[PDB]
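Peer 1: So here's my_file36.pdb (PDB, C-alpha atoms).
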ATOM      1  CA  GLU A 152      -4.243   8.150 -22.094  1.00  0.00           C
ATOM      2  CA  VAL A 153      -4.820  10.800 -19.305  1.00  0.00           C
ATOM      3  CA  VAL A 154      -8.122  10.640 -17.279  1.00  0.00           C
ATOM      4  CA  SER A 155      -9.503  13.660 -15.313  1.00  0.00           C
ATOM      5  CA  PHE A 156     -11.890  13.755 -12.319  1.00  0.00           C
ATOM      6  CA  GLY A 157     -12.552  17.038 -10.476  1.00  0.00           C
ATOM      7  CA  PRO A 158      -9.140  18.688  -9.830  1.00  0.00           C
ATOM      8  CA  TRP A 159      -7.275  15.353 -10.371  1.00  0.00           C
ATOM      9  CA  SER A 160      -5.565  14.084 -13.542  1.00  0.00           C
ATOM     10  CA  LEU A 161      -4.094  10.525 -13.859  1.00  0.00           C
ATOM     11  CA  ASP A 162      -1.589   9.885 -16.720  1.00  0.00           C
ATOM     12  CA  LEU A 163      -1.510   6.108 -17.360  1.00  0.00           C
ATOM     13  CA  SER A 164       1.615   6.630 -19.599  1.00  0.00           C
ATOM     14  CA  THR A 165       3.912   8.300 -16.981  1.00  0.00           C
ATOM     15  CA  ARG A 166       1.925   6.629 -14.107  1.00  0.00           C
ATOM     16  CA  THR A 167       1.559  10.062 -12.374  1.00  0.00           C
ATOM     17  CA  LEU A 168      -1.345  11.632 -10.400  1.00  0.00           C
ATOM     18  CA  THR A 169      -1.432  15.468 -10.533  1.00  0.00           C
ATOM     19  CA  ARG A 170      -3.505  18.299  -9.045  1.00  0.00           C
ATOM     20  CA  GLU A 171      -2.868  22.085  -9.056  1.00  0.00           C
ATOM     21  CA  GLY A 172       0.639  21.561 -10.552  1.00  0.00           C
ATOM     22  CA  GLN A 173       1.781  19.033  -7.841  1.00  0.00           C
ATOM     23  CA  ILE A 174       2.524  15.307  -8.597  1.00  0.00           C
ATOM     24  CA  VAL A 175       1.213  13.298  -5.547  1.00  0.00           C
ATOM     25  CA  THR A 176       3.062  10.207  -4.217  1.00  0.00           C
ATOM     26  CA  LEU A 177       1.033   6.988  -4.620  1.00  0.00           C
ATOM     27  CA  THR A 178       2.282   3.454  -3.795  1.00  0.00           C
ATOM     28  CA  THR A 179       2.409   1.039  -6.790  1.00  0.00           C
ATOM     29  CA  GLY A 180      -0.657  -0.717  -5.250  1.00  0.00           C
ATOM     30  CA  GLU A 181      -2.647   2.532  -4.780  1.00  0.00           C
ATOM     31  CA  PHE A 182      -1.795   3.434  -8.434  1.00  0.00           C
ATOM     32  CA  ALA A 183      -2.786  -0.056  -9.726  1.00  0.00           C
ATOM     33  CA  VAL A 184      -6.146   0.027  -7.811  1.00  0.00           C
ATOM     34  CA  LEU A 185      -6.828   3.634  -8.950  1.00  0.00           C
ATOM     35  CA  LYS A 186      -5.925   2.658 -12.573  1.00  0.00           C
ATOM     36  CA  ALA A 187      -8.349  -0.311 -12.436  1.00  0.00           C
ATOM     37  CA  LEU A 188     -11.160   1.954 -11.105  1.00  0.00           C
ATOM     38  CA  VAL A 189     -10.674   4.782 -13.704  1.00  0.00           C
ATOM     39  CA  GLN A 190     -10.470   2.127 -16.485  1.00  0.00           C
ATOM     40  CA  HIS A 191     -13.960   0.875 -15.313  1.00  0.00           C
ATOM     41  CA  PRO A 192     -16.037   4.059 -14.832  1.00  0.00           C
ATOM     42  CA  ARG A 193     -19.624   3.503 -13.488  1.00  0.00           C
ATOM     43  CA  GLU A 194     -19.013  -0.349 -13.420  1.00  0.00           C
ATOM     44  CA  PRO A 195     -19.193  -1.905  -9.920  1.00  0.00           C
ATOM     45  CA  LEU A 196     -16.008  -3.984  -9.248  1.00  0.00           C
ATOM     46  CA  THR A 197     -16.001  -6.703  -6.521  1.00  0.00           C
ATOM     47  CA  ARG A 198     -12.988  -6.714  -4.168  1.00  0.00           C
ATOM     48  CA  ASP A 199     -11.711  -9.848  -6.088  1.00  0.00           C
ATOM     49  CA  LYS A 200     -11.995  -8.293  -9.604  1.00  0.00           C
ATOM     50  CA  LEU A 201     -10.127  -5.184  -8.283  1.00  0.00           C
ATOM     51  CA  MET A 202      -7.279  -7.391  -6.856  1.00  0.00           C
ATOM     52  CA  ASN A 203      -7.232  -9.509 -10.100  1.00  0.00           C
ATOM     53  CA  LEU A 204      -6.901  -6.267 -12.221  1.00  0.00           C
ATOM     54  CA  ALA A 205      -4.493  -4.347  -9.874  1.00  0.00           C
ATOM     55  CA  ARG A 206      -2.097  -7.174  -8.873  1.00  0.00           C
ATOM     56  CA  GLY A 207      -2.996 -10.534 -10.560  1.00  0.00           C
ATOM     57  CA  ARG A 208      -4.856 -13.564  -9.107  1.00  0.00           C
ATOM     58  CA  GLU A 209      -1.719 -14.986  -7.309  1.00  0.00           C
ATOM     59  CA  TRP A 210      -2.413 -12.254  -4.614  1.00  0.00           C
ATOM     60  CA  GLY A 211      -6.107 -13.158  -4.352  1.00  0.00           C
ATOM     61  CA  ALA A 212      -5.712 -14.392  -0.737  1.00  0.00           C
ATOM     62  CA  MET A 213      -4.811 -10.755   0.366  1.00  0.00           C
ATOM     63  CA  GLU A 214      -8.181  -9.448  -1.021  1.00  0.00           C
ATOM     64  CA  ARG A 215      -8.781  -7.424   2.294  1.00  0.00           C
ATOM     65  CA  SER A 216      -5.685  -5.344   1.229  1.00  0.00           C
ATOM     66  CA  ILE A 217      -8.035  -3.589  -1.305  1.00  0.00           C
ATOM     67  CA  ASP A 218     -10.362  -2.037   1.345  1.00  0.00           C
ATOM     68  CA  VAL A 219      -7.251  -0.489   3.028  1.00  0.00           C
ATOM     69  CA  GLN A 220      -5.930   0.729  -0.389  1.00  0.00           C
ATOM     70  CA  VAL A 221      -9.337   2.275  -1.329  1.00  0.00           C
ATOM     71  CA  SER A 222      -9.606   4.026   2.077  1.00  0.00           C
ATOM     72  CA  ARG A 223      -6.078   5.585   1.472  1.00  0.00           C
ATOM     73  CA  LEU A 224      -7.070   6.710  -2.082  1.00  0.00           C
ATOM     74  CA  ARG A 225     -10.221   8.278  -0.552  1.00  0.00           C
ATOM     75  CA  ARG A 226      -8.285  10.170   2.209  1.00  0.00           C
ATOM     76  CA  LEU A 227      -6.276  11.641  -0.712  1.00  0.00           C
ATOM     77  CA  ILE A 228      -8.739  12.265  -3.615  1.00  0.00           C
ATOM     78  CA  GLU A 229     -12.193  12.868  -1.919  1.00  0.00           C
ATOM     79  CA  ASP A 230     -13.388  16.348  -0.823  1.00  0.00           C
ATOM     80  CA  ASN A 231     -14.783  14.434   2.228  1.00  0.00           C
ATOM     81  CA  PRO A 232     -13.370  10.885   2.681  1.00  0.00           C
ATOM     82  CA  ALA A 233     -16.345   9.848   4.932  1.00  0.00           C
ATOM     83  CA  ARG A 234     -18.632  10.880   2.000  1.00  0.00           C
ATOM     84  CA  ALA A 235     -16.608   9.512  -0.953  1.00  0.00           C
ATOM     85  CA  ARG A 236     -18.030  10.623  -4.372  1.00  0.00           C
ATOM     86  CA  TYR A 237     -15.320   9.537  -6.912  1.00  0.00           C
ATOM     87  CA  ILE A 238     -14.860   6.048  -5.318  1.00  0.00           C
ATOM     88  CA  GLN A 239     -18.269   4.964  -3.964  1.00  0.00           C
ATOM     89  CA  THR A 240     -18.993   1.742  -1.964  1.00  0.00           C
ATOM     90  CA  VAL A 241     -21.338  -0.811  -3.641  1.00  0.00           C
ATOM     91  CA  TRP A 242     -22.702  -2.420  -0.399  1.00  0.00           C
ATOM     92  CA  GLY A 243     -21.857  -6.168  -0.024  1.00  0.00           C
ATOM     93  CA  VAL A 244     -20.071  -6.155  -3.502  1.00  0.00           C
ATOM     94  CA  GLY A 245     -17.043  -3.767  -3.602  1.00  0.00           C
ATOM     95  CA  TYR A 246     -16.488  -0.336  -5.220  1.00  0.00           C
ATOM     96  CA  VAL A 247     -17.369   1.915  -8.207  1.00  0.00           C
ATOM     97  CA  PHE A 248     -15.473   4.832  -9.841  1.00  0.00           C
ATOM     98  CA  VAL A 249     -17.867   7.754 -10.627  1.00  0.00           C
ATOM     99  CA  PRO A 250     -15.829  10.270 -12.730  1.00  0.00           C
ATOM    100  CA  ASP A 251     -18.294  13.221 -12.224  1.00  0.00           C
ATOM    101  CA  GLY A 252     -18.822  12.455  -8.467  1.00  0.00           C
ATOM    102  CA  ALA A 253     -22.584  11.915  -9.063  1.00  0.00           C
ATOM    103  CA  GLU A 254     -24.700  10.217  -6.285  1.00  0.00           C
ATOM    104  CA  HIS A 255     -26.767   7.013  -7.063  1.00  0.00           C
ATOM    105  CA  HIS A 256     -30.071   8.920  -7.827  1.00  0.00           C
ATOM    106  CA  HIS A 257     -28.033  11.351 -10.146  1.00  0.00           C
TER     107      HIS A 257
ATOM    108  CA  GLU B 152      10.160 -20.583   6.324  1.00  0.00           C
ATOM    109  CA  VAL B 153       8.610 -18.559   9.243  1.00  0.00           C
ATOM    110  CA  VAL B 154      10.706 -15.598  10.632  1.00  0.00           C
ATOM    111  CA  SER B 155      10.161 -14.120  14.150  1.00  0.00           C
ATOM    112  CA  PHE B 156      11.017 -10.630  15.467  1.00  0.00           C
ATOM    113  CA  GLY B 157       9.806  -9.569  18.918  1.00  0.00           C
ATOM    114  CA  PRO B 158       6.072 -10.469  19.160  1.00  0.00           C
ATOM    115  CA  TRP B 159       5.771 -10.710  15.322  1.00  0.00           C
ATOM    116  CA  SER B 160       5.929 -13.861  13.163  1.00  0.00           C
ATOM    117  CA  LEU B 161       5.932 -13.733   9.298  1.00  0.00           C
ATOM    118  CA  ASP B 162       5.131 -16.995   7.399  1.00  0.00           C
ATOM    119  CA  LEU B 163       6.562 -16.584   3.861  1.00  0.00           C
ATOM    120  CA  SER B 164       4.645 -19.775   2.821  1.00  0.00           C
ATOM    121  CA  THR B 165       1.069 -18.594   3.699  1.00  0.00           C
ATOM    122  CA  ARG B 166       2.159 -14.900   3.305  1.00  0.00           C
ATOM    123  CA  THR B 167       0.650 -14.110   6.774  1.00  0.00           C
ATOM    124  CA  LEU B 168       1.877 -11.774   9.568  1.00  0.00           C
ATOM    125  CA  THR B 169       0.767 -12.788  13.108  1.00  0.00           C
ATOM    126  CA  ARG B 170       1.041 -11.411  16.644  1.00  0.00           C
ATOM    127  CA  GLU B 171      -0.713 -12.598  19.850  1.00  0.00           C
ATOM    128  CA  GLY B 172      -2.957 -14.997  17.829  1.00  0.00           C
ATOM    129  CA  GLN B 173      -4.221 -12.264  15.385  1.00  0.00           C
ATOM    130  CA  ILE B 174      -3.409 -12.209  11.606  1.00  0.00           C
ATOM    131  CA  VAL B 175      -2.720  -8.534  10.569  1.00  0.00           C
ATOM    132  CA  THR B 176      -3.823  -7.189   7.151  1.00  0.00           C
ATOM    133  CA  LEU B 177      -0.866  -6.034   4.975  1.00  0.00           C
ATOM    134  CA  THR B 178      -1.041  -4.635   1.385  1.00  0.00           C
ATOM    135  CA  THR B 179       0.774  -6.749  -1.282  1.00  0.00           C
ATOM    136  CA  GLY B 180       3.465  -4.004  -1.342  1.00  0.00           C
ATOM    137  CA  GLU B 181       3.879  -3.887   2.475  1.00  0.00           C
ATOM    138  CA  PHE B 182       4.184  -7.731   2.438  1.00  0.00           C
ATOM    139  CA  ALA B 183       6.721  -7.722  -0.427  1.00  0.00           C
ATOM    140  CA  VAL B 184       8.854  -4.977   1.252  1.00  0.00           C
ATOM    141  CA  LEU B 185       8.647  -6.721   4.664  1.00  0.00           C
ATOM    142  CA  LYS B 186       9.589 -10.081   3.002  1.00  0.00           C
ATOM    143  CA  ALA B 187      12.602  -8.449   1.274  1.00  0.00           C
ATOM    144  CA  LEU B 188      13.789  -6.914   4.578  1.00  0.00           C
ATOM    145  CA  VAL B 189      13.415 -10.141   6.704  1.00  0.00           C
ATOM    146  CA  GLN B 190      15.178 -12.133   3.924  1.00  0.00           C
ATOM    147  CA  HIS B 191      18.159  -9.650   4.277  1.00  0.00           C
ATOM    148  CA  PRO B 192      18.721  -9.296   8.049  1.00  0.00           C
ATOM    149  CA  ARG B 193      21.508  -6.821   9.089  1.00  0.00           C
ATOM    150  CA  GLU B 194      22.194  -6.002   5.339  1.00  0.00           C
ATOM    151  CA  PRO B 195      21.621  -2.342   4.379  1.00  0.00           C
ATOM    152  CA  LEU B 196      19.296  -2.229   1.297  1.00  0.00           C
ATOM    153  CA  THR B 197      19.158   0.896  -0.957  1.00  0.00           C
ATOM    154  CA  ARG B 198      15.658   2.104  -1.939  1.00  0.00           C
ATOM    155  CA  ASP B 199      16.340   0.591  -5.468  1.00  0.00           C
ATOM    156  CA  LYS B 200      17.452  -2.878  -4.201  1.00  0.00           C
ATOM    157  CA  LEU B 201      14.274  -2.955  -2.004  1.00  0.00           C
ATOM    158  CA  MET B 202      12.024  -2.044  -5.038  1.00  0.00           C
ATOM    159  CA  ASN B 203      13.923  -4.598  -7.266  1.00  0.00           C
ATOM    160  CA  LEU B 204      13.323  -7.352  -4.615  1.00  0.00           C
ATOM    161  CA  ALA B 205       9.713  -6.354  -3.636  1.00  0.00           C
ATOM    162  CA  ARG B 206       8.193  -5.579  -7.085  1.00  0.00           C
ATOM    163  CA  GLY B 207      10.777  -6.108  -9.939  1.00  0.00           C
ATOM    164  CA  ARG B 208       9.067  -4.455 -12.992  1.00  0.00           C
ATOM    165  CA  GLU B 214      11.114   4.512  -5.946  1.00  0.00           C
ATOM    166  CA  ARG B 215       9.449   6.971  -3.442  1.00  0.00           C
ATOM    167  CA  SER B 216       6.658   4.338  -2.925  1.00  0.00           C
ATOM    168  CA  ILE B 217       9.130   2.392  -0.676  1.00  0.00           C
ATOM    169  CA  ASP B 218       9.560   5.215   1.923  1.00  0.00           C
ATOM    170  CA  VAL B 219       5.733   5.399   2.339  1.00  0.00           C
ATOM    171  CA  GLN B 220       5.536   1.541   2.576  1.00  0.00           C
ATOM    172  CA  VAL B 221       8.347   1.425   5.210  1.00  0.00           C
ATOM    173  CA  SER B 222       6.711   4.230   7.255  1.00  0.00           C
ATOM    174  CA  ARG B 223       3.402   2.184   7.284  1.00  0.00           C
ATOM    175  CA  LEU B 224       5.259  -1.044   8.283  1.00  0.00           C
ATOM    176  CA  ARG B 225       6.893   0.957  11.128  1.00  0.00           C
ATOM    177  CA  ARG B 226       3.559   2.428  12.409  1.00  0.00           C
ATOM    178  CA  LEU B 227       2.431  -1.232  12.636  1.00  0.00           C
ATOM    179  CA  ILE B 228       5.474  -3.283  13.858  1.00  0.00           C
ATOM    180  CA  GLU B 229       7.640  -0.799  15.949  1.00  0.00           C
ATOM    181  CA  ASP B 230       7.161  -0.244  19.726  1.00  0.00           C
ATOM    182  CA  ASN B 231       7.773   3.460  18.827  1.00  0.00           C
ATOM    183  CA  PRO B 232       7.509   4.284  15.086  1.00  0.00           C
ATOM    184  CA  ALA B 233       9.541   7.542  15.516  1.00  0.00           C
ATOM    185  CA  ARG B 234      12.332   5.355  17.059  1.00  0.00           C
ATOM    186  CA  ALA B 235      12.171   2.335  14.706  1.00  0.00           C
ATOM    187  CA  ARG B 236      14.328  -0.640  15.906  1.00  0.00           C
ATOM    188  CA  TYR B 237      13.315  -3.532  13.533  1.00  0.00           C
ATOM    189  CA  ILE B 238      13.459  -1.344  10.357  1.00  0.00           C
ATOM    190  CA  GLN B 239      16.259   1.221  10.884  1.00  0.00           C
ATOM    191  CA  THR B 240      17.157   4.077   8.432  1.00  0.00           C
ATOM    192  CA  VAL B 241      20.656   3.919   6.821  1.00  0.00           C
ATOM    193  CA  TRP B 242      21.048   7.720   6.189  1.00  0.00           C
ATOM    194  CA  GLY B 243      21.384   8.659   2.462  1.00  0.00           C
ATOM    195  CA  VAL B 244      21.260   4.885   1.459  1.00  0.00           C
ATOM    196  CA  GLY B 245      17.887   3.265   2.435  1.00  0.00           C
ATOM    197  CA  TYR B 246      16.938   0.780   5.211  1.00  0.00           C
ATOM    198  CA  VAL B 247      18.139  -2.209   7.323  1.00  0.00           C
ATOM    199  CA  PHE B 248      16.124  -5.021   9.000  1.00  0.00           C
ATOM    200  CA  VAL B 249      17.471  -5.731  12.542  1.00  0.00           C
ATOM    201  CA  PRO B 250      15.631  -8.881  13.805  1.00  0.00           C
ATOM    202  CA  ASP B 251      16.658  -8.384  17.515  1.00  0.00           C
ATOM    203  CA  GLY B 252      15.976  -4.573  17.435  1.00  0.00           C
ATOM    204  CA  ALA B 253      19.637  -3.830  18.383  1.00  0.00           C
ATOM    205  CA  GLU B 254      20.836  -0.146  18.003  1.00  0.00           C
ATOM    206  CA  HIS B 255      23.847   0.745  15.691  1.00  0.00           C
ATOM    207  CA  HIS B 256      26.495   0.641  18.542  1.00  0.00           C
ATOM    208  CA  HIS B 257      24.996  -2.825  19.629  1.00  0.00           C
TER     209      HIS B 257
END
Taking this structure as input, can you express it in the form of structure tokens?
Peer 2:
Amino acid sequence: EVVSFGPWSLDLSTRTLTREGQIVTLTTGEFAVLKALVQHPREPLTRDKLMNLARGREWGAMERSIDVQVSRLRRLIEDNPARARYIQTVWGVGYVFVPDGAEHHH
Amino acid sequence: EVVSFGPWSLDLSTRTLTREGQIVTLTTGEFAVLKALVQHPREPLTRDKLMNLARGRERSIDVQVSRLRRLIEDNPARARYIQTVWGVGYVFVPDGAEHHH
């Protein structure tokens, strides 16, 4: 079960993120949040749903953790982190994984 | 069970890190690694012992420690609370005391 997006590939078996031959170091949390997003393409996830998927509901009180984790994923995977395309912000709700990097209008 | 080090306080009950009245945002991993370290003061932990304590179920740890350091250390390049045990892993020194003392 390997998912691709632009130059990135994520292998959910070996829990590895690759690009251009190199395996990139992710934290367990970054991996868990990325996994959740790629397993829900084009579906908006609230910050709570993301934490519930990534880490379980016993961590729910550290919800703000997710915004930090997403911003670190973005610095890594986005052509331009300030203009994220793979992980887009759903305003007032949370985040959405767009595998093709397509804007809202398409 | 609240532990202090310099201006920092960590409440293992409410899982909150405070300084100067402000609660600081940690990731679950940063919290788990910090908890492990403060629960083992002056005991060198290998990278594996740290991962076993933090997450049960690991290069992740070095990244997590370096982020903890950027946050908690007066000078991150000269860590005093989280010191490097060369070739082994890391040690939590609550008073920030150097190796010679």
Peer 1: Where does the ChimeraX specification (/A :<10) & /B land in this file, that is, which residues does it pick, as an MDAnalysis selection string?
Peer 2: chainID B and resid 165:167 176:182 206 214:220
Peer 1: Assuming the chain letters and numbering stay as they are in my file, what does the PyMOL selection byres ((chain B and resi 185) around 12) actually select? List them as a PyMOL selection string.
Peer 2: chain B and resi 154+156+159-163+166-168+177-184+186-192+201-202+204-206+217+220-225+227-228+237-238+246-250
Peer 1: Between B:152, B:157, B:194, B:199, single out the one closest to residue 251 (chain B), counting all atoms listed in the file.
Peer 2: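 Going through B:152, B:157, B:194, B:199 one by one, the smallest distance to residue 251 (chain B) is for B:157.
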Peer 1: From the options A:225, A:198, A:191, A:208, which residue's atoms come nearest to residue 239 (chain A), counting only C-alpha atoms?
Peer 2: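 Looking only at the distances to residue 239 (chain A), the closest residue turns out to be A:225.
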Peer 1: Specify as an mmCIF file with C-alpha atoms, in the frame of the given file each residue included when the PyMOL selection byres ((chain A and resi 155) around 10) is applied to this file.
Peer 2:
data_model
loop_
_atom_site.group_PDB
_atom_site.id
_atom_site.type_symbol
_atom_site.label_atom_id
_atom_site.label_comp_id
_atom_site.auth_asym_id
_atom_site.auth_seq_id
_atom_site.Cartn_x
_atom_site.Cartn_y
_atom_site.Cartn_z
ATOM 1 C CA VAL A 153 -4.820 10.800 -19.305
ATOM 2 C CA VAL A 154 -8.122 10.640 -17.279
ATOM 3 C CA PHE A 156 -11.890 13.755 -12.319
ATOM 4 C CA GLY A 157 -12.552 17.038 -10.476
ATOM 5 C CA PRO A 158 -9.140 18.688 -9.830
ATOM 6 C CA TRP A 159 -7.275 15.353 -10.371
ATOM 7 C CA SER A 160 -5.565 14.084 -13.542
ATOM 8 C CA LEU A 161 -4.094 10.525 -13.859
ATOM 9 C CA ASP A 162 -1.589 9.885 -16.720
ATOM 10 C CA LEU A 168 -1.345 11.632 -10.400
ATOM 11 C CA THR A 169 -1.432 15.468 -10.533
ATOM 12 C CA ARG A 170 -3.505 18.299 -9.045
ATOM 13 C CA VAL A 189 -10.674 4.782 -13.704
ATOM 14 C CA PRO A 250 -15.829 10.270 -12.730
ATOM 15 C CA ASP A 251 -18.294 13.221 -12.224
#
Peer 1: At what distance in Å, to one decimal, does CA of residue 256 (chain A) lie from CA of residue 205 (chain A)?
Peer 2: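 Value for the CA of residue 205 (chain A)-CA of residue 256 (chain A) distance: 28.9 Å.
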Peer 1: Just give me the gap between CA of residue 249 (chain A) and CA of residue 237 (chain A) in Å, one decimal is fine.
Peer 2: 4.8 Å
Peer 1: Find the distance between CA of residue 255 (chain B) and CA of residue 236 (chain B) and write it in Å to one decimal.
Peer 2: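 Atom-to-atom, CA of residue 255 (chain B) to CA of residue 236 (chain B), that is 9.6 Å.
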Peer 1: For residue 236 (chain A), which of A:209, A:175, A:204, A:193 is the closest residue, counting all atoms listed in the file?
Peer 2: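 The closest residue to residue 236 (chain A) is A:193.
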Peer 1: So that I can see what lies close to residue 186 (chain A), please list as a ChimeraX atom specification the residues with an atom at most 8 Å from it, counting all atoms listed in the file and leaving out residues fewer than 4 positions away in the same chain.
Peer 2: /A:163,182,190,205
Peer 1: Between A:246, A:203, A:167, A:183, which one has atoms that come closest to residue 222 (chain A), using all atoms listed in the file?
Peer 2: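 Closest to residue 222 (chain A), using all atoms listed in the file: A:246.
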Peer 1: Output, as AutoDock Vina command-line options, the centre and edge lengths in Å (one decimal) of the axis-aligned box that contains all listed atoms of region 207-217 of chain B with 3 Å of margin on each side.
Peer 2:
--center_x 8.9 --center_y 0.4 --center_z -6.8 --size_x 10.5 --size_y 19.1 --size_z 18.3
Peer 1: Fix up region 215-239 of chain A with N, CA and C atoms, then write it as a tab-separated table (two decimals), in the frame of the given file.
Peer 2:
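File produced: part-v3.tsv:
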chain	number	residue	atom	x	y	z
A	215	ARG	N	-8.40	-8.49	1.31
A	215	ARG	CA	-8.78	-7.42	2.29
A	215	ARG	C	-7.90	-6.18	2.15
A	216	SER	N	-6.68	-6.37	1.63
A	216	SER	CA	-5.68	-5.34	1.23
A	216	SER	C	-6.40	-4.21	0.47
A	217	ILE	N	-7.34	-4.56	-0.40
A	217	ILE	CA	-8.04	-3.59	-1.30
A	217	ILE	C	-8.82	-2.56	-0.50
A	218	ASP	N	-9.56	-2.98	0.51
A	218	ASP	CA	-10.36	-2.04	1.34
A	218	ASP	C	-9.43	-0.99	1.97
A	219	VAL	N	-8.27	-1.41	2.44
A	219	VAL	CA	-7.25	-0.49	3.03
A	219	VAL	C	-6.78	0.50	1.93
A	220	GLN	N	-6.44	-0.04	0.76
A	220	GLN	CA	-5.93	0.73	-0.39
A	220	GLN	C	-6.97	1.76	-0.85
A	221	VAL	N	-8.23	1.33	-1.00
A	221	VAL	CA	-9.34	2.28	-1.33
A	221	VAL	C	-9.44	3.36	-0.24
A	222	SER	N	-9.41	3.00	1.03
A	222	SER	CA	-9.61	4.03	2.08
A	222	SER	C	-8.44	5.04	2.00
A	223	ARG	N	-7.24	4.65	1.57
A	223	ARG	CA	-6.08	5.58	1.47
A	223	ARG	C	-6.25	6.51	0.25
A	224	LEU	N	-6.67	5.94	-0.88
A	224	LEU	CA	-7.07	6.71	-2.08
A	224	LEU	C	-8.12	7.77	-1.71
A	225	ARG	N	-9.11	7.38	-0.95
A	225	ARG	CA	-10.22	8.28	-0.55
A	225	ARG	C	-9.70	9.44	0.29
A	226	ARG	N	-8.85	9.14	1.28
A	226	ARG	CA	-8.28	10.17	2.21
A	226	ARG	C	-7.59	11.22	1.35
A	227	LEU	N	-7.04	10.79	0.22
A	227	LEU	CA	-6.28	11.64	-0.71
A	227	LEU	C	-7.23	12.38	-1.66
A	228	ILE	N	-8.06	11.66	-2.43
A	228	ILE	CA	-8.74	12.26	-3.62
A	228	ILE	C	-10.11	12.85	-3.26
A	229	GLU	N	-10.79	12.44	-2.19
A	229	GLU	CA	-12.19	12.87	-1.92
A	229	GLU	C	-12.23	14.18	-1.14
A	230	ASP	N	-13.12	15.08	-1.54
A	230	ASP	CA	-13.39	16.35	-0.82
A	230	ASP	C	-13.61	16.00	0.65
A	231	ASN	N	-14.46	14.99	0.90
A	231	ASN	CA	-14.78	14.43	2.23
A	231	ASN	C	-14.67	12.91	2.19
A	232	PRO	N	-13.61	12.32	2.77
A	232	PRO	CA	-13.37	10.88	2.68
A	232	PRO	C	-14.51	10.03	3.24
A	233	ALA	N	-15.18	10.50	4.30
A	233	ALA	CA	-16.34	9.85	4.93
A	233	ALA	C	-17.56	9.90	4.00
A	234	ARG	N	-17.54	10.76	2.98
A	234	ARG	CA	-18.63	10.88	2.00
A	234	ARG	C	-18.02	10.81	0.61
A	235	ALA	N	-17.28	9.74	0.35
A	235	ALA	CA	-16.61	9.51	-0.95
A	235	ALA	C	-17.61	9.79	-2.07
A	236	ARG	N	-17.18	10.41	-3.17
A	236	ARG	CA	-18.03	10.62	-4.37
A	236	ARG	C	-17.36	10.04	-5.62
A	237	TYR	N	-16.04	10.03	-5.71
A	237	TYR	CA	-15.32	9.54	-6.91
A	237	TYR	C	-15.22	8.01	-6.83
A	238	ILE	N	-14.91	7.50	-5.64
A	238	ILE	CA	-14.86	6.05	-5.32
A	238	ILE	C	-15.99	5.78	-4.33
A	239	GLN	N	-17.11	5.26	-4.83
A	239	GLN	CA	-18.27	4.96	-3.96
A	239	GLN	C	-18.31	3.46	-3.64
